[PDB]
Structure formats: structure tokens, C-alpha cells
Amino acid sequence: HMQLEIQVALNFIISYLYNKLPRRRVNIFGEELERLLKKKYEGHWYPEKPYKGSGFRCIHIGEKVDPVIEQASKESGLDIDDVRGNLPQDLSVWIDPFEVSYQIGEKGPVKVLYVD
């Protein structure tokens, strides 16, 4: 549910890290990110108001990097700048009941990864 959608979001994000960061530590990155997102999202997931807390759940990498990304970098031995450098600039990822979607660039459109 929430778990599945976190996975599609995770899969999307680390697809940018593979082949430029060490395979094994990227996996660990994925693993930590999943745990931290669950941990954060716990208590803030309302399937009947999909949009409630969405601004909260939003994973954003502007000129500021979302804390869960920083944390997952630390916990995987990965330089936070190497992680940033390999992900799209101005990335937003919205993980909401029934839909995960993302934007790239401040004037980018919103693209949908998963919806049901």
C-alpha cells in the first residue's frame, strides 16, 4: 500500500545512482531510504484524504536536500554531493495514497510513476 508506493519512488530515485555510484552502497542507500520514509510517513498516511499531509511527504531536492536523503546518504557511506550530483536538479517526488509522481525543474511538468 504505502509500502508499495514507497518502493516505486525508491526504485525511481536510485536508478539515478546505479552505474555512477558503488552498486552495494547504493543498495544500502535504497534500504535506508525505505526505512526512513516508512518511519517518517507513519501517522501521516490518510487513504481517504490522499492529499492530507502530502506537502509533508514530499521528497524535495532544490538547493536544499530533503533530510531523509541526507540521512540515507550518511547511513550508506555515500558523499551527499555525489548523490545530489547524480539526481536531477530541482526534483520533487510526491508519494500519496493511490499515486506517486514527480517533477524535474522548477518549471517542469508533473510526471506520474504510479496511479491506482
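Residue positions are given as counts along the sequence shown, with the first one as 1.
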item	value
22 to 30 set against 61 to 69, stretch whose average Cα temperature factor tops the other in the entry	61 to 69
Of 101 to 109 and 5 to 13, the stretch whose C-alpha atoms average the higher B-factor in the entry	101 to 109
For residue 36, the third of its chain into which the C-alpha B factor falls	middle
For residue 54, the third of its chain into which the C-alpha B factor falls	middle
